Amino acid sequence: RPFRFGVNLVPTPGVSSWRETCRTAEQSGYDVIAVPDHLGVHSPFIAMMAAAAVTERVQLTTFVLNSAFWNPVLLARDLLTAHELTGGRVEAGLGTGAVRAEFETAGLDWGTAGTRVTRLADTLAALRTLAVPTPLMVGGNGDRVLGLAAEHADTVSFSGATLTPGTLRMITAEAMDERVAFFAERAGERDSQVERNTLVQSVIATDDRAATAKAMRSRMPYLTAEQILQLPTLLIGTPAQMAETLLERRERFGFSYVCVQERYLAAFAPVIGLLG
Ligand SMILES: C[C@H](OP(=O)(O)OC[C@@H](O)[C@@H](O)[C@@H](O)Cn1c2nc(=O)[nH]c(=O)c-2cc2ccc(O)cc21)C(=O)N[C@@H](CCC(=O)N[C@@H](CCC(=O)O)C(=O)O)C(=O)O
């Protein structure tokens, strides 16, 4: 599948730069602006509308909604509105919800891993029954979550890191091979209809990728330098090397929809120049 590139921006209360940041994202060649769903961050659909008003080409996506925060019927209303009032520029990523303290602040039951996945399941089923027109993305590496992506999603988002639900450990390329294979088995005949996404956490420009990886072992002692150079959540090297790495990872994992974090927007833009 042809590459699509996204940048995960954080619309921040009290910071007046949102419109400017969105314009920079488009001008730098990104295809998607992604926004998160967290307390203390601007509300995602409202921020996406503000982004749509200053950009003409990018898609806008949630990355990802906390399913506990949304009534499915009211979310379907929001998704139909965002679709119609942007001319079809909105996609919605959904997840189970990550931060317990946020559930508690909003007066919501954290429950169990099982109840949080069931909530996602119930929302996806409802959104499909209501025939929402926004493309749907499902993010997470859990068996049940990837099963839900295989059943319901237009895009599956694989996480390149694990964390205790309640900082982040990066997962090896070999564990990623297994997660993509798991997804593919669950998707069956629908596998080829689902776009595969991943979020790159760090984009490290360097003329010595090998020396960089060796130094980064201190942040990741459970891995060798060779493993670090294959981690899907890291891009290390020159832009040409990063482009070749992304080509190799599209072949290995199927990752064609690659997002980076806001802090790396300019660092990664040369790679868009080479790949497009
Ligand atoms: C928690 C996570 O599970 P997951 O299926 O990958 O993800 C579930 C949700 O977090 C996921 O659906 C999303 O809500 C998370 N999410 C966001 N969630 C949000 O709520 N808002 C966001 O803006 C958001 C952004 C986002 C972006 C990218 C991304 O990859 C995920 C994002 C995980 O790390 N699982 C690990 C660890 C599971 C584990 O072993 N847990 C232990 C350790 C915890 C303990 O000590 O008890 C246990 O439960 O006992 C694994 O599958 O191996």
# chains A, B, ... in the order shown; residues from 1 in each chain; ligands from 1

$ residues_near_ligand --ligand "ligand 1" --cutoff "8 Å" --atoms "only C-alpha atoms and all ligand atoms" --output "ChimeraX atom specification"
/A:35-38,62-67,94-99,113,117,138-146,157-166,198-199

$ residues_around --residues "residue 76 (chain A)" --least-positions-apart "5" --cutoff "9 Å" --atoms "only C-alpha atoms" --output "count of residues only"
7

$ closest_residue --among "A:115, A:3, A:121, A:13" --to "residue 247 (chain A)" --atoms "only C-alpha atoms"
A:3

$ closest_residue --among "A:24, A:47, A:30, A:147" --to "residue 260 (chain A)" --atoms "only C-alpha atoms"
A:30

$ atom_distance --atom1 "CA of residue 50 (chain A)" --atom2 "CA of residue 85 (chain A)"
11.8 Å

$ closest_residue --among "A:41, A:203, A:92, A:216" --to "residue 155 (chain A)" --atoms "only C-alpha atoms"
A:92

$ select_by_dssp --residues "region 228-275 of chain A" --states "strand (DSSP E)" --output "PDB file with N, CA and C atoms, in the first residue's frame"
ATOM      1  N   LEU A 234      11.589   3.073  16.532  1.00  0.00           N
ATOM      2  CA  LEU A 234      12.742   3.971  16.453  1.00  0.00           C
ATOM      3  C   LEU A 234      13.149   4.092  14.995  1.00  0.00           C
ATOM      4  N   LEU A 235      13.543   5.300  14.553  1.00  0.00           N
ATOM      5  CA  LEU A 235      14.141   5.497  13.242  1.00  0.00           C
ATOM      6  C   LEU A 235      15.449   6.191  13.497  1.00  0.00           C
ATOM      7  N   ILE A 236      16.548   5.586  13.058  1.00  0.00           N
ATOM      8  CA  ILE A 236      17.885   6.103  13.314  1.00  0.00           C
ATOM      9  C   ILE A 236      18.664   6.183  12.009  1.00  0.00           C
ATOM     10  N   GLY A 237      19.334   7.324  11.805  1.00  0.00           N
ATOM     11  CA  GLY A 237      20.285   7.433  10.730  1.00  0.00           C
ATOM     12  C   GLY A 237      20.052   8.699   9.928  1.00  0.00           C
ATOM     13  N   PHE A 255       3.740  -2.131   7.314  1.00  0.00           N
ATOM     14  CA  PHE A 255       3.480  -0.781   7.820  1.00  0.00           C
ATOM     15  C   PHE A 255       3.609   0.223   6.690  1.00  0.00           C
ATOM     16  N   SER A 256       2.485   0.789   6.266  1.00  0.00           N
ATOM     17  CA  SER A 256       2.488   1.810   5.232  1.00  0.00           C
ATOM     18  C   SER A 256       2.031   3.159   5.777  1.00  0.00           C
ATOM     19  N   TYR A 257       1.370   3.173   6.926  1.00  0.00           N
ATOM     20  CA  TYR A 257       0.849   4.399   7.523  1.00  0.00           C
ATOM     21  C   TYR A 257       1.723   4.612   8.735  1.00  0.00           C
ATOM     22  N   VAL A 258       2.654   5.564   8.641  1.00  0.00           N
ATOM     23  CA  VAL A 258       3.662   5.780   9.653  1.00  0.00           C
ATOM     24  C   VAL A 258       3.419   7.159  10.261  1.00  0.00           C
ATOM     25  N   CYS A 259       3.280   7.212  11.566  1.00  0.00           N
ATOM     26  CA  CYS A 259       3.151   8.441  12.323  1.00  0.00           C
ATOM     27  C   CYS A 259       4.386   8.673  13.155  1.00  0.00           C
ATOM     28  N   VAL A 260       4.684   9.954  13.372  1.00  0.00           N
ATOM     29  CA  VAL A 260       5.732  10.360  14.283  1.00  0.00           C
ATOM     30  C   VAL A 260       5.162  11.319  15.296  1.00  0.00           C
ATOM     31  N   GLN A 261       5.909  11.516  16.384  1.00  0.00           N
ATOM     32  CA  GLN A 261       5.506  12.463  17.411  1.00  0.00           C
ATOM     33  C   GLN A 261       5.840  13.902  17.032  1.00  0.00           C
TER      34      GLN A 261
END

$ residues_around --residues "region 218-230 of chain A" --least-positions-apart "4" --cutoff "10 Å" --atoms "only C-alpha atoms" --output "PDB file with C-alpha atoms, in the first residue's frame"
ATOM      1  CA  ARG A 169       9.273  -0.804  27.188  1.00  0.00           C
ATOM      2  CA  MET A 170      10.020  -1.086  23.483  1.00  0.00           C
ATOM      3  CA  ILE A 171       9.020  -4.276  21.745  1.00  0.00           C
ATOM      4  CA  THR A 172      11.430  -6.150  19.512  1.00  0.00           C
ATOM      5  CA  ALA A 173      10.974  -6.596  15.798  1.00  0.00           C
ATOM      6  CA  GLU A 174      10.508 -10.322  16.487  1.00  0.00           C
ATOM      7  CA  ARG A 209      23.647   4.793  13.464  1.00  0.00           C
ATOM      8  CA  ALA A 210      25.795   2.064  14.997  1.00  0.00           C
ATOM      9  CA  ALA A 211      27.336   4.336  17.641  1.00  0.00           C
ATOM     10  CA  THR A 212      23.895   5.789  18.347  1.00  0.00           C
ATOM     11  CA  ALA A 213      22.349   2.381  18.939  1.00  0.00           C
ATOM     12  CA  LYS A 214      25.217   1.350  21.172  1.00  0.00           C
ATOM     13  CA  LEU A 234      12.742   3.971  16.453  1.00  0.00           C
ATOM     14  CA  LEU A 235      14.141   5.497  13.242  1.00  0.00           C
ATOM     15  CA  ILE A 236      17.885   6.103  13.314  1.00  0.00           C
ATOM     16  CA  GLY A 237      20.285   7.433  10.730  1.00  0.00           C
ATOM     17  CA  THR A 245      14.373   1.388   6.765  1.00  0.00           C
ATOM     18  CA  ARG A 249       9.522  -2.346   7.379  1.00  0.00           C
TER      19      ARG A 249
END

$ atom_distance --atom1 "CA of residue 9 (chain A)" --atom2 "CA of residue 265 (chain A)"
9.1 Å

$ residues_around --residues "residue 193 (chain A)" --least-positions-apart "6" --cutoff "10 Å" --atoms "only C-alpha atoms" --output "VMD selection string"
chain A and resid 150 153 to 155 187

$ write_last_selection --atoms "C-alpha atoms" --output "PDB file, in the first residue's frame"
ATOM      1  CA  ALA A 150      -9.416  -7.464  12.491  1.00  0.00           C
ATOM      2  CA  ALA A 153     -11.356  -1.564  11.536  1.00  0.00           C
ATOM      3  CA  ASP A 154     -10.205   0.088   8.335  1.00  0.00           C
ATOM      4  CA  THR A 155      -6.772   0.643   9.906  1.00  0.00           C
ATOM      5  CA  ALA A 187      -8.414 -10.841   9.898  1.00  0.00           C
TER       6      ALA A 187
END

$ decode --residues "region 213-262 of chain A" --atoms "C-alpha atoms" --output "PDB file, in the first residue's frame"
ATOM      1  CA  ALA A 213      22.349   2.381  18.939  1.00  0.00           C
ATOM      2  CA  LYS A 214      25.217   1.350  21.172  1.00  0.00           C
ATOM      3  CA  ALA A 215      24.717   4.418  23.371  1.00  0.00           C
ATOM      4  CA  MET A 216      20.954   3.862  23.525  1.00  0.00           C
ATOM      5  CA  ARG A 217      21.403   0.481  25.202  1.00  0.00           C
ATOM      6  CA  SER A 218      21.650   2.369  28.491  1.00  0.00           C
ATOM      7  CA  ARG A 219      17.986   3.368  28.019  1.00  0.00           C
ATOM      8  CA  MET A 220      17.114  -0.242  26.998  1.00  0.00           C
ATOM      9  CA  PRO A 221      19.382  -2.778  28.742  1.00  0.00           C
ATOM     10  CA  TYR A 222      17.244  -5.811  27.814  1.00  0.00           C
ATOM     11  CA  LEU A 223      18.188  -5.273  24.131  1.00  0.00           C
ATOM     12  CA  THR A 224      21.350  -5.537  22.070  1.00  0.00           C
ATOM     13  CA  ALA A 225      22.470  -2.757  19.741  1.00  0.00           C
ATOM     14  CA  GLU A 226      21.439  -4.963  16.793  1.00  0.00           C
ATOM     15  CA  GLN A 227      17.945  -5.338  18.221  1.00  0.00           C
ATOM     16  CA  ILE A 228      17.774  -1.570  18.807  1.00  0.00           C
ATOM     17  CA  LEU A 229      18.512  -0.980  15.129  1.00  0.00           C
ATOM     18  CA  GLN A 230      15.493  -3.132  14.245  1.00  0.00           C
ATOM     19  CA  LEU A 231      12.982  -1.714  16.714  1.00  0.00           C
ATOM     20  CA  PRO A 232       9.929  -0.514  14.790  1.00  0.00           C
ATOM     21  CA  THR A 233       9.324   2.391  17.155  1.00  0.00           C
ATOM     22  CA  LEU A 234      12.742   3.971  16.453  1.00  0.00           C
ATOM     23  CA  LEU A 235      14.141   5.497  13.242  1.00  0.00           C
ATOM     24  CA  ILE A 236      17.885   6.103  13.314  1.00  0.00           C
ATOM     25  CA  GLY A 237      20.285   7.433  10.730  1.00  0.00           C
ATOM     26  CA  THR A 238      20.353   9.776   7.757  1.00  0.00           C
ATOM     27  CA  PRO A 239      17.087  10.536   5.953  1.00  0.00           C
ATOM     28  CA  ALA A 240      18.130   8.175   3.115  1.00  0.00           C
ATOM     29  CA  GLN A 241      18.772   5.398   5.652  1.00  0.00           C
ATOM     30  CA  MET A 242      15.473   6.097   7.396  1.00  0.00           C
ATOM     31  CA  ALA A 243      13.675   5.910   4.042  1.00  0.00           C
ATOM     32  CA  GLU A 244      15.315   2.566   3.255  1.00  0.00           C
ATOM     33  CA  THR A 245      14.373   1.388   6.765  1.00  0.00           C
ATOM     34  CA  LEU A 246      10.715   2.322   6.201  1.00  0.00           C
ATOM     35  CA  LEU A 247      10.706   0.511   2.835  1.00  0.00           C
ATOM     36  CA  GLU A 248      12.105  -2.567   4.579  1.00  0.00           C
ATOM     37  CA  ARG A 249       9.522  -2.346   7.379  1.00  0.00           C
ATOM     38  CA  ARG A 250       6.648  -2.017   4.897  1.00  0.00           C
ATOM     39  CA  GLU A 251       7.841  -5.286   3.385  1.00  0.00           C
ATOM     40  CA  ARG A 252       8.420  -6.983   6.744  1.00  0.00           C
ATOM     41  CA  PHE A 253       5.421  -5.798   8.725  1.00  0.00           C
ATOM     42  CA  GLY A 254       3.135  -4.217   6.151  1.00  0.00           C
ATOM     43  CA  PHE A 255       3.480  -0.781   7.820  1.00  0.00           C
ATOM     44  CA  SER A 256       2.488   1.810   5.232  1.00  0.00           C
ATOM     45  CA  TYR A 257       0.849   4.399   7.523  1.00  0.00           C
ATOM     46  CA  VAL A 258       3.662   5.780   9.653  1.00  0.00           C
ATOM     47  CA  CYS A 259       3.151   8.441  12.323  1.00  0.00           C
ATOM     48  CA  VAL A 260       5.732  10.360  14.283  1.00  0.00           C
ATOM     49  CA  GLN A 261       5.506  12.463  17.411  1.00  0.00           C
ATOM     50  CA  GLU A 262       5.199  16.260  17.288  1.00  0.00           C
TER      51      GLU A 262
END
